[PDB]
Amino acid sequence: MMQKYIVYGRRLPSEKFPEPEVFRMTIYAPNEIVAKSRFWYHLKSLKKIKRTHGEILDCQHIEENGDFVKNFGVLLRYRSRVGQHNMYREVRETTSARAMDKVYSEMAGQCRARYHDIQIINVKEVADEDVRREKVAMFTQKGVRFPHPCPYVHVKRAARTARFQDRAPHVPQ
RNA sequence: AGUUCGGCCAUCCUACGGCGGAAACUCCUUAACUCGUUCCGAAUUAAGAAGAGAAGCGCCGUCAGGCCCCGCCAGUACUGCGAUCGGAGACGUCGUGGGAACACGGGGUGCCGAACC
Ligand SMILES: [K+]
């Protein structure tokens, strides 16, 4: 559901400063209306330009090619009930937006932090040798094999319409 | 440049060093008359022209105190509207608007209007 957007903005031009500077950002958001709001949240803190005093020049939407599985490293900050913290996370996904979906669900589940509690500092691709987290690194290898981690899930699902049967089914492994 | 009468009432004030005076303003000289000092010609009232740039006044100066403008401080402190956001609470968070002060660093240091020499 996440999407990559590039936003340009600038302070409204005046007599003291004709041709103000242009600032660009990369944003991940579910749509164009949330993305432009998040651009004004940062430009107000980092550059002290409220939304009343500036204008947005573009909301570029960028669609990425998948088809191969890469590593990503996300540097972010979030807020808990006792303060603010920094954190680095690693994930394997096919596009950057999909890697941000995975991050937001792990923050929501293990830290209970929602979307507006989180500021993304950095998102970059990480080559296989340079990985630093054990979970990701296991799969950055040649020849990884494991048996199915939950084959019971197949059997139960079929038993939701086939409510009564004549023998208890097996779980092939 | 100067004197009398004013407007706005320190970018004009206060302190200490300087520099100036043809004219002008001042300081200054006098106790007959006028009038005056809880005592005193100090002040003030009258009458004058020997002397002055020592003061006041105008100008210049000072890592000067004050005062005045700008930037920073800072989209920080605080706050209007909305929330079946978090927390035992005290309190905090997010969305959408408004937005300081102290401190700090650089600059500056009266102008306008009538009449006369
Ligand atoms: K003098």
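In what follows, every heavy atom counts, from backbone to side chain, and hydrogens, waters and symmetry copies are set aside. Proteins come first, then strands; the chains are lettered A, B, ... in the order of their sequence lines, and each starts at number 1.
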- Message: Can you measure A:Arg79 atom CZ to B:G95 atom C1' for me and round it to whole angstrom units?
- Response: 15 Å
- Query: If you measure from the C1' atom in B:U44 to the same atom in B:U37, how many Å do you get, rounded?
  - Reply: 8 Å
- Task: Please verify, for B:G87 and B:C39, whether Watson-Crick or G-U wobble pairing holds with both distances under 3.5 Å?
- Result: no
- Task: Check the distance between B:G95's P and A:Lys36's NZ and give it to me in whole angstrom.
- Result: 15 Å
- Query: Are both defining distances between B:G86 and B:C40 under 3.5 Å, such that they form a Watson-Crick or G-U wobble pair?
  - Reply: no
- Message: Using a 4.0 Å heavy-atom cut-off, does A:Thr52 contact any base of the nucleic acid, only the sugar-phosphate backbone, or nothing at all?
- Response: sugar-phosphate
- Message: Could you tell me how far B:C39 sits from B:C13 if I compare only their P atoms? Round to whole Å.
- Response: 41 Å
- Task: Please give the nucleotide sitting opposite B:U11 as a Watson-Crick or G-U wobble pair, both distances under 3.5 Å, or none.
- Result: none
- Under the 3.5 angstrom rule, does the side chain of A:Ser14 hit a backbone N or O of A:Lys16 as a donor-acceptor pair? no
- Message: Please report the sugar pucker of B:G75 as north or south based on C1'-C2'-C3'-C4'.
- Response: south
- Do B:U84 and B:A42 meet the pairing test, Watson-Crick or G-U wobble with both distances under 3.5 Å? no
- Atom P, compared across B:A52 and B:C28: separation rounded to whole Å: 15 Å
- Nearest-angstrom distance, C1' atom, B:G92 to B:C70: 38 Å
- Message: Taking the 3.5 Å cut-off for both atom pairs, check whether B:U62 pairs with B:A15 as Watson-Crick or wobble.
- Response: yes
- Answer syn or anti for B:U76, where the cut-off is 90° from 0 on the glycosidic torsion. syn
- Comparing nearest nucleotides in RNA chain B, the 5'-proximal residue of the pair A:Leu46, A:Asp117 is A:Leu46
- Is there a side-chain polar atom (N or O) of A:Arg51 under 4.0 Å from OP1 or OP2 of B:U96? yes
- Item | Which nucleotide in B:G75, B:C94, B:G87 has an atom nearest any side-chain atom of A:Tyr41 | B:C94
- To the nearest angstrom, how far is A:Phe39 atom CZ from B:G75 atom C1'? 15 Å
- Task: Could you work out the separation of B:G99 and B:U76 based on their P atoms and round it to a whole Å?
- Result: 13 Å
- Message: Can you tell whether the side chains of A:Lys70 and A:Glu93 come within less than 4.0 Å, N to carboxylate O?
- Response: no
- Base-pairing mate for B:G95 - Watson-Crick or G-U, with both contacts under 3.5 Å: B:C81
- Query: So, for A:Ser96 and A:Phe72, which heavy atoms are closest and what is the spacing to 0.1 Å?
  - Reply: OG-CE2, 3.1 Å
- Considering just the side-chain nitrogens and oxygens of A:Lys47, establish if one lies under 4.0 Å of OP1 or OP2 belonging to B:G75. no
- Between P of B:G95 and CH2 of A:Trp40, the distance in whole Å: 15 Å
- A:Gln173 and A:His148: side-chain donor and acceptor closer than 3.5 Å? no
- Distance test, side-chain N/O of A:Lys50 to OP1/OP2 of B:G99, below 4.0 Å: yes
- All heavy atoms of A:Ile121 vs all of A:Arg77, minimum pair found to be CD1-N, 3.8 Å
- Go ahead and name the base partner of B:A52; Watson-Crick or wobble counts if both distances stay under 3.5 Å, otherwise write none. B:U26
- Task: Note down whether B:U109 puckers north or south, where north is a positive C1'-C2'-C3'-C4' and south a negative one.
- Result: south
- Query: Taking the same atom, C1', in B:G61 and in B:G113, what whole-Å distance lies between them?
  - Reply: 32 Å
- Task: With a 3.5 angstrom cut-off on both distances, give the Watson-Crick or G-U wobble partner of B:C5, or none if there isn't one.
- Result: B:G113
- Message: For the neighbouring pair B:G99 and B:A100, do the six-membered rings of their bases satisfy both conditions, a centre distance under 5.5 Å and a plane angle under 30°?
- Response: no
- Between atom NZ in A:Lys44 and atom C1' in B:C94, what is the gap in whole Å? 12 Å
- Item | Atom-pair distance (CD1 on A:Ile49; P on B:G98), nearest Å | 14 Å
- Within 45° of the six-membered ring axis of A:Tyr88 and under 6.0 Å from that ring's centre, is NZ or CZ of A:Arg133 located there? no
- Identify whether the glycosidic angle of B:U4 places it syn (within 90° of 0) or anti. anti
- Message: Is it the case that the side chain of A:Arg114 and the backbone of A:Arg112 share a donor-acceptor pair, with hydrogens and angles ignored and the cut-off at 3.5 Å?
- Response: yes
- On the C1'-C2'-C3'-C4' sign convention (north positive, south negative), B:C102 is classed north
- Query: Quick one: are the six-membered base rings of B:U37 and B:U38 within stacking range, meaning centres under 5.5 Å apart and planes under 30 degrees?
  - Reply: no
- Item | Parallel, tilted or perpendicular: rings of A:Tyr115 and A:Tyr104 (30°, 60°) | tilted
- With both distances required to be under 3.5 Å, indicate if B:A88 and B:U38 make a Watson-Crick or G-U pair. no
- Please state yes or no: are the six-membered rings of B:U4 and B:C5 less than 5.5 angstrom apart at their centres, with planes tilted under 30 degrees? yes
- Are B:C35 and B:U34 stacked, with six-ring centres under 5.5 Å and planes under 30°? yes
- Task: Calculate the interatomic distance between A:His116 atom NE2 and B:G82 atom P; express it in whole Å.
- Result: 20 Å
- Item | Outcome for B:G41 when its sugar is typed by the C1'-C2'-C3'-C4' torsion | south
- Query: Distance between the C1' atoms of B:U62 and B:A115, in whole angstroms?
  - Reply: 40 Å
- B:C67 - base-pair partner by Watson-Crick or wobble geometry, distances under 3.5 Å: B:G108
- Query: Is there stacking between B:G87 and B:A88, using centres under 5.5 angstrom and an angle under 30 degrees?
  - Reply: no
- Classified through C1'-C2'-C3'-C4' with positive north and negative south, B:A50 counts as north
- Rounded distance (nearest 0.5 Å) linking atom CZ of A:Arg92 with atom OG1 of A:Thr140: 7.0 Å
- Task: May I have the distance from A:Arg112 (atom CZ) to B:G87 (atom P), rounded to whole angstrom?
- Result: 10 Å
- Message: Distance check, P atoms only: B:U11 and B:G110, in whole angstrom units.
- Response: 10 Å
